Amino acid sequence: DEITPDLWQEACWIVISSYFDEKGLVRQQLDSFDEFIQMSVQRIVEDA
Amino acid sequence: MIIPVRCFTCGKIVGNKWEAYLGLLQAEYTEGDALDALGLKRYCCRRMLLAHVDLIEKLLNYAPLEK
Amino acid sequence: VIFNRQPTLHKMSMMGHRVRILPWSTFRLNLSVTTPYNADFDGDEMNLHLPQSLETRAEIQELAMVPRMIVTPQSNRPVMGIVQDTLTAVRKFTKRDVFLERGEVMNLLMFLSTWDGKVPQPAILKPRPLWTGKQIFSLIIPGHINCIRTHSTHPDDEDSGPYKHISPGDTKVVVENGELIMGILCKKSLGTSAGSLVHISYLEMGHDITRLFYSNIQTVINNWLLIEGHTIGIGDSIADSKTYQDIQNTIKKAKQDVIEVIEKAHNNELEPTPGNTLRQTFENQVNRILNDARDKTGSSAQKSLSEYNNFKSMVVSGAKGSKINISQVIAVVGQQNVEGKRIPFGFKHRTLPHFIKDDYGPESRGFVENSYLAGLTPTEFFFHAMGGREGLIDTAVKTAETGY
Amino acid sequence: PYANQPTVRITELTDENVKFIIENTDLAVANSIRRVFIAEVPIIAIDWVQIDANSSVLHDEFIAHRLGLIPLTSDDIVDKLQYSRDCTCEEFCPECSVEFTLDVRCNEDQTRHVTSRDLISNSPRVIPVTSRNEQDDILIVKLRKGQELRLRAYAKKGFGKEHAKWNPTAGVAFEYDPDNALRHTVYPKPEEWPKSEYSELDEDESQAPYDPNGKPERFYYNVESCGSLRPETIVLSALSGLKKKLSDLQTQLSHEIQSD
Amino acid sequence: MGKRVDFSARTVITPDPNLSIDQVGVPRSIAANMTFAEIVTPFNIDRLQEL
Amino acid sequence: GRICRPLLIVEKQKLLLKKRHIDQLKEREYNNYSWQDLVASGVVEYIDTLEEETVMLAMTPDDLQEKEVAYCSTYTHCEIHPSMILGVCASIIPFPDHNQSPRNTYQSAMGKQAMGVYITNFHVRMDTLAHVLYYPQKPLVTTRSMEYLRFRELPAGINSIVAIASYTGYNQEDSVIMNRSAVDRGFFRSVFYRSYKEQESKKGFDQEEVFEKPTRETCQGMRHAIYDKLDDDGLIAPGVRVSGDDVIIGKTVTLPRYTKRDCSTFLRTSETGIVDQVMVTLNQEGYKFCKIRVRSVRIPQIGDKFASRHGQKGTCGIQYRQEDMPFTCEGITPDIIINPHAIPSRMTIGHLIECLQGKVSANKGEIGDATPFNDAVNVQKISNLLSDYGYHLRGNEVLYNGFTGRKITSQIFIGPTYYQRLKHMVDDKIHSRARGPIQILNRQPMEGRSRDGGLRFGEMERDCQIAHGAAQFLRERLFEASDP
Amino acid sequence: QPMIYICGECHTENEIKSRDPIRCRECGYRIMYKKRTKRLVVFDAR
Amino acid sequence: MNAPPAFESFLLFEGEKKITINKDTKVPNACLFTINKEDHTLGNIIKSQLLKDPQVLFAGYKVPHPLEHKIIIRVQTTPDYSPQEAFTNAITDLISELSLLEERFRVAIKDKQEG
RNA sequence: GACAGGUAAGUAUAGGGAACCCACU
Ligand SMILES: [Mg+2]
Ligand SMILES: [Zn+2]
Ligand SMILES: [Zn+2]
Ligand SMILES: [Zn+2]
């Protein structure tokens, strides 16, 4: 059930692999722009 | 982008080795074993093969400018 | 042509040169002139101005030419000197046990431009002719200048004890009648320092003679270095297991001392020194302990160094590096400091989230207990990055301040 | 006051390399021989290229560079060939050049490998090394469908000094004093230095005892050929060319002295 | 107090031990672009004519 | 805008992560288990700085491991891996934890300058400026992190046999000697693409622009450059050689040698190459709009900038043919030689370790791992491995002087190392002037080499000349040579 | 006179005349490329 | 742009003397041979042969500048001997060396080929 | 009328600036 250190190296690197597969590298840019378009524009229009 | 024709250091022909190296790799030889089989003794040539990245396939993924 | 490198800090930043046209697309400089220009070949670009009239040409030829600019009025001492490979090579060359065969002396002699054309009597005739680097350098030296210097590694007690004029280590330089009688040349004897051999050459012989002197030193010593060889590698960074163990013991003892001091301070048994709050006193004690540990470790590493070690070669010749540098490479890197203090508690009573609160230990406050070769644990790496950032910022600000 | 009496021993000989030893000769002579192997042995290689069409992902200079790097069998044709510059023909001629033509077009969904096989020579005696009759052909470029590559080239004589492509050798291992008897090097820790293949020493021993009267003899060579020439051909041509250079120098010296 | 000036070149610098300290290597292209005015005299008239 | 990083959660003294999680992640392709699933399961958790202030964190599970004197024993999180603290540029550095930090900082920028394959589809992009290396190579020594920077897909640099030795002195002061034979074989050769653009504007019926092959009899503003290279459309064709100040886009404008003024676009002065390709379109306003991409093959030469991954940069001092270069007992010769004087003060011990492990990996037929904080890798282990392959355990070797064949008294450190050629090339910086065009406002020399400008004899230069006392030279520099 | 251009999308050849609005007659695509010149071009294989 | 043509290394430019002779006035019986489009190969072999020659008080070579392809050989002989004669004899002896080595190598290659 | 071939006559084969940004030593 646990992870011995020898396994732990590969385990942590697999974790990082999955993280980067999921997210990418410009995830912050893409998510910020997507949130802007999706929410903020309508919020501004309504607040007007 | 493509396997260099000669080893930069010593000048041994390696351009005729990339396909065979890939064949061995898919034949499950380790990289060192494949290099030895191809005869790349000097680590200059071994580098020439190991470090190579054949970008030409990615380049060929694009359609030509002309039909 | 006048030759310049921004920023133009002093007179020697702009100096005259005679043009020689060679194929490729760069200005080719002699290595010596780099020092006055404060130039390195890391991509530095330089400007060239061509005087257009005979009057300006004469002005430059008589005032700004590098030979005339050899000695600066700023500190009445030469600005250029033998540097880098040439300096290390000459230090090795002028060692006592350097002997040259007929052919080797042959090549070096003809590279010596000012040579009179007479092969000197070899310092050894039987069982086989052999010259010495000292002989060849005596040929290089111009005129009949007399000079006395001391090699960098010259022990002080030698001057008092016996063998005063016959150095067991050959660490005393004596040029007489323009002949290197004895000693190992180094930065002390060939660099910009006052009373250096180049300085005395300029003072006695003409600036032109000193120019030829520089050129001959560089050419001959480089050609000999072709044979001699000089390198640096992991072998020169490795130390013996005994010295590794000694350094580990020193570090462990220093850590234990710091722990004892911390425990005493927490028990309140510690008391402030005059003119210092208790916290200042505690910091002073910790810093003193760690500095002593680093000094002891560096001394141990330098002792462990062998005569073949290239780091020691280079530091001794004065071409590059320092004993502190060798200590950092071999033994602990040492304490990291920001604003002249240990790493501040950026977090809440914590340098990093990975330490308990109110931890004033060496590791907690950023003491790199590992040598560069041994690598750095992530926290030590971060703290070292902080220190380097401090240095870079200091540079980037002092540039503008000093310019103004 | 006169020449040595060099002797030779071929310890190995294959189609791709020759290993031998030369004794009773000067280190200077040995090193010059090595340098001639590397640099001053004539060879035929592509040096003129005209790209009628090139749709490949690679550009014309890239393709020409690879074509030049391709080696060509030059066992005897080079000797007959004269340097293009020396030759009188206006543009090119058999005496000074060899023509090649390449023309490929990818008309299929699978990648087409334009290898040295496609290099069509005019003189059968001169051909790509791999095309000779297992070694595969030297890849030049890959073409996806709808692509083409047509070009006409000329290979001429030349030696490595002018450009590495004429260099025949593919690794010239040179050695002498396997055991460090002459002490030309200095091992701070000789024990930790692996024995040379030619080393003749007991394992406990690190290096031969210093020889004050020693001099570099028994130079070991291992010349690997790039397939352009048989290694023995490389060695013989190198010696011939060095002798030729010395003879020409003698002629020039005689002319100069006679004029003086 | 400061100006841009003609007859000035600029380029990267590389080491060259084989040059006297007072010498400077210059590319042929820069030398060609640069010219120094020389007055004609019977002494140098032939040389300048050849130039 | 609140920054945040992931962290493995710790309860009591054990990670919430488990071997089952690791296996599911391994099989992520099929079972579709993913990082999002990890986050949902709650093994990992995002933490920002403010929360970090209270979090108690551990390097690795080793800290969680019980100890004779428990330091914390109350951990709450654990690093996924310490190396993650680095960024993109810093990640490509092998053994960064063996260098003085400022050198890592320098490498962070020299990496940005390295030439490689900036994008797979470069063949179509008409980017204003681009550089493409002929033979990129993934480094023989790689941090695990570059697997995600995709450096393998788009490497920028070549693994090169480097000997850290003094040789003829031409590599002194951060200079590097280079193997001319390697350069001939394509070592570090690259191609430089420059994109020019032009458009014909019909702003006014009175005055309009047109692409064409102008003729002296009609148009007036022609230089002596030949327009034959152009075609009937005022555009050059691909595969055409071109030199500096050579018209490439013949354009003309209708005046209010008659009724036509030349507005053609010439090739940048001192430049040369071949027209890679031409594209013709209409801009937003229908006007004809042509972009021309021109490629020039840059062979590395004296003065070109190169750099390792360890803050060690230098210009190619000189190039020696293979026979001139020193050689091992084998035929191997160093592609590059770098003065040893770099390392002492620089503390780029990572450079040396990289060279050693590169030799090891090349001999072993593998890719070395230079992940920073990896206890499993150390100099002693690397040296033992290297010795196993019949080499000196520290990487030293016996080299022979190329010119004379004689052994070299010292044994040279030599081995593979990843080098990278920076965009700044001497050909793009060389510049000189003798009475070129001058500014309009003041008649002083123009600025910038693209305009054939003149160098600035600045205030400190004036002051240095004042100190020299060269009054006449100062007068010439500031008055007679600038704007009499 | 002919001035054959290759369309980007359909990769089709088509003549274009001066003052002619740039648009592939075949696909209405506005991006075209000049065909490779016919001039003699040579490259020493250095 | 400034890169010299590769052939320039070995090709004598129009009107270039392959070899030039001067007398080193500093000492008697001393000559300087400036050889163009030559390098360490010839320089080293000739120097070694001359050093082998006993009458030669002085023999050596150097490359004044690597970017240039010229070499200078300084040779001083005994008064009863000429540097020109020493140079010629050294070249002759090297030529004999090469001829002997060539024929012996041919013999060895043949013999290895048969077995 | 068109179109294909030939003969004769005329035509065609002077230079930006600012701003900002990035990067460099
Ligand atoms: Mg600099
Ligand atoms: Zn190789
Ligand atoms: Zn011909
Ligand atoms: Zn279309």
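Residues checked against (1) assigned to a loop (DSSP other than H, G, I, E, B); (2) among the polar types (S, T, N, Q):
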site: F:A163; (1), (2): no, no
site: F:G169; (1), (2): yes, no
site: F:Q172; (1), (2): yes, yes
site: F:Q220; (1), (2): yes, yes
site: F:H224; (1), (2): yes, no
site: F:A237; (1), (2): yes, no
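Taken over region C:35-48, residues that are surrounded by fewer than 22 Cβ atoms within 10 Å (Cβ to Cβ) and assigned to a helix (DSSP H, G or I) amount to 1.
How about region H:79-92: which of its residues are surrounded by fewer than 18 Cβ atoms within 10 Å (Cβ to Cβ) and either within 7 Å of chain D (Cβ to nearest Cβ) or not acidic (D, E) (or both)? Please lay out each step first, then the result.
Of region H:79-92, the ones surrounded by fewer than 18 Cβ atoms within 10 Å (Cβ to Cβ) are H:79-82, H:85, H:88, H:92.
The answer is H:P79, H:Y81, H:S82, H:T88, H:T92.
For region F:96-109, the candidate set comprises residues that are more than 7 Å from chain C (Cβ to nearest Cβ) and over 16 Å from the mean Cα position of the chain (by Cα); within that set, the residue that is surrounded by the fewest Cβ atoms within 10 Å (Cβ to Cβ) is F:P96.
All of (1) at the interface with another protein chain (Cβ under 7 Å from one of its Cβ atoms); (2) not in a strand (DSSP E or B) hold for C:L9 with one exception: (1).
When we screen F:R216, F:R185 for residues that are of a type outside the set (F, W, Y) and within 14 Å of chain D (Cβ to nearest Cβ), the only hit is F:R185.
Test G:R19 against the stated conditions and say whether it is part of a loop (DSSP other than H, G, I, E, B) and out of contact with any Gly (no Cβ under 9 Å at 6 or more places or on another chain). Working first, answer last.
Details: part of a loop (DSSP other than H, G, I, E, B): yes; out of contact with any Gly (no Cβ under 9 Å at 6 or more places or on another chain): yes.
Against the criterion (part of a loop (DSSP other than H, G, I, E, B) and out of contact with any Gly (no Cβ under 9 Å at 6 or more places or on another chain)), G:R19 qualifies.
Every condition in (1) surrounded by fewer than 20 Cβ atoms within 10 Å (Cβ to Cβ); (2) among the hydroxyl-bearing types (S, T, Y); (3) part of a strand (DSSP E or B) holds for H:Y61 except the one numbered (1). Taking the conditions (1) within 11 Å of chain C (Cβ to nearest Cβ); (2) aliphatic (A, V, I, L, M); (3) within 16 Å of RNA strand I (Cβ to nearest atom); (4) over 22 Å from C:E390 (Cβ atoms) in turn, F:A90 satisfies each one other than (4). From the set of residues in chain G that are small (G, A, S) and within 19 Å of F:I292 (Cα to Cα), which is nearest to RNA strand I (Cβ to nearest atom)? Among residues in chain G that are small (G, A, S) and within 19 Å of F:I292 (Cα to Cα), the one nearest to RNA strand I (Cβ to nearest atom) is G:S18. Any residue in region H:76-88 that is assigned to a strand (DSSP E or B) and of a type in the set (V, I, T)? Yes, that holds for at least one residue.
Restricting attention to region C:344-367, does a residue exist that is closer than 20 Å to F:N378 by Cα and β-branched (V, I, T)?
Within region C:344-367 (the criterion being closer than 20 Å to F:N378 by Cα and β-branched (V, I, T)), the answer is no, since none of the residues qualifies.
So, in region F:439-466, of the ones that are among the small types (G, A, S) and more than 7 Å from chain E (Cβ to nearest Cβ), which residue ends up farthest from ligand 2 (Cβ to nearest atom)?
Our first condition is that a residue be among the small types (G, A, S); within region F:439-466, this holds for F:448, F:450, F:453-454, F:458.
After this cut, where a residue has to be more than 7 Å from chain E (Cβ to nearest Cβ) as well, the list is F:448, F:450.
Values: F:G448: 44, F:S450: 42 Å.
So the residue we want is F:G448.
Among residues of region F:337-388 being within 14 Å of chain B (Cβ to nearest Cβ) and more than 25 Å from F:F151 (Cβ to Cβ), the one that is surrounded by the fewest Cβ atoms within 10 Å (Cβ to Cβ) is F:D388. Looking only at region F:408-419, decide whether some residue is more than 30 Å from F:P155 (Cα to Cα), facing another protein chain (nearest Cβ under 7 Å), surrounded by fewer than 22 Cβ atoms within 10 Å (Cβ to Cβ) and touching a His at 6+ places or on another chain (Cβ under 8 Å). Yes: region F:408-419 contains one or more residues that are more than 30 Å from F:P155 (Cα to Cα), facing another protein chain (nearest Cβ under 7 Å), surrounded by fewer than 22 Cβ atoms within 10 Å (Cβ to Cβ) and touching a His at 6+ places or on another chain (Cβ under 8 Å). Identification of helices (runs of 4 or more DSSP H) wholly contained in region C:145-252 with 1 or more residues that are of a type in the set (D, E) yields C:197-204, C:207-228, C:234-237.
Among (1) within 16 Å of RNA strand I (Cβ to nearest atom); (2) surrounded by 21 or more Cβ atoms within 10 Å (Cβ to Cβ); (3) not in a helix (DSSP H, G or I), where does C:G81 come up short? Going through the list (1) within 16 Å of RNA strand I (Cβ to nearest atom); (2) surrounded by 21 or more Cβ atoms within 10 Å (Cβ to Cβ); (3) not in a helix (DSSP H, G or I), C:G81 breaks only (1). All told, F:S145 meets the bar of being out of contact with any strand residue (DSSP E or B) (no Cβ under 8 Å at 6 or more places or on another chain) and buried (at least 20 other Cβ atoms within 10 Å of the Cβ). Residues that are surrounded by fewer than 20 Cβ atoms within 10 Å (Cβ to Cβ), touching a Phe, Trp or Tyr at 6+ places or on another chain (Cβ under 6 Å) and more than 7 Å from chain D (Cβ to nearest Cβ) are absent from region H:10-20 altogether.
Being surrounded by 14 or more Cβ atoms within 10 Å (Cβ to Cβ), more than 8 Å from chain B (Cβ to nearest Cβ) and closer than 18 Å to F:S296 by Cβ is the filter here; which residues of region F:128-142 pass it? Spell out how you get there, then give the answer.
To start, the set of residues in region F:128-142 that are surrounded by 14 or more Cβ atoms within 10 Å (Cβ to Cβ) comprises F:130-142.
Those still in the list that are more than 8 Å from chain B (Cβ to nearest Cβ) too: F:130-133, F:141-142.
Once the filter is applied, which keeps residues that are surrounded by 14 or more Cβ atoms within 10 Å (Cβ to Cβ), more than 8 Å from chain B (Cβ to nearest Cβ) and closer than 18 Å to F:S296 by Cβ, region F:128-142 yields F:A130, F:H131, F:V132, F:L133.
Apart from one condition, F:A156 fits all of (1) more than 16 Å from ligand 2 (Cβ to nearest atom); (2) part of a strand (DSSP E or B); the exception is (2). Taking helices (runs of 4 or more DSSP H) as the structural unit, those lying wholly within region F:1-86 and holding at least 3 residues that are within 16 Å of A:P5 (Cα to Cα) and either within 14 Å of chain C (Cβ to nearest Cβ) or in contact with a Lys or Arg (Cβ under 9 Å, 6 or more places away or on another chain) (or both) correspond to F:61-64. Of the numbered criteria (1) over 20 Å from D:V186 (Cα atoms); (2) part of a loop (DSSP other than H, G, I, E, B); (3) of a type outside the set (K, R), the one F:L385 fails is (2).
Of all positions in region C:355-378, at least one carries a residue that is touching a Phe, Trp or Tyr at 6+ places or on another chain (Cβ under 8 Å), part of a helix (DSSP H, G or I) and facing another protein chain (nearest Cβ under 8 Å). Among the residues making up region C:256-310, those that are among the small types (G, A, S) and within 30 Å of F:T409 (Cβ to Cβ) are C:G298, C:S299, C:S300, C:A301, C:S304, C:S306. Of all the numbered requirements in (1) within 27 Å of C:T114 (Cβ to Cβ); (2) surrounded by fewer than 15 Cβ atoms within 10 Å (Cβ to Cβ); (3) in contact with a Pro (Cβ under 9 Å, 6 or more places away or on another chain), H:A30 misses one, and that requirement is (2). Under 9 Å between Cβ atoms, at least 6 apart or on separate chains: pull out the pairs that start in region D:83-95 with a residue that is among the aromatic types (F, W, Y) and end on any residue that is assigned to a loop (DSSP other than H, G, I, E, B) and near ligand 3 (Cβ under 7 Å from one of its atoms). Note: pairs meeting the criteria are D:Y83/D:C96; D:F92/D:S84. Please work out which residue is farthest from ligand 2 (Cβ to nearest atom), limiting yourself to region F:202-213 and to residues that are out of contact with any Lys or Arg (no Cβ under 9 Å at 6 or more places or on another chain) and within 14 Å of chain G (Cβ to nearest Cβ). Here the residue is F:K202.
Assessment of region F:88-98 against the conditions (under 19 Å from C:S364 (Cα atoms) and out of contact with any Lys or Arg (no Cβ under 8 Å at 6 or more places or on another chain)) yields at least one matching residue.
Only the coordinates and a few stated rules stand behind these numbers; no lab work does. Positions of Cβ are backbone-derived with ideal geometry, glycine not excepted, and every protein chain shown enters the neighbour counts.
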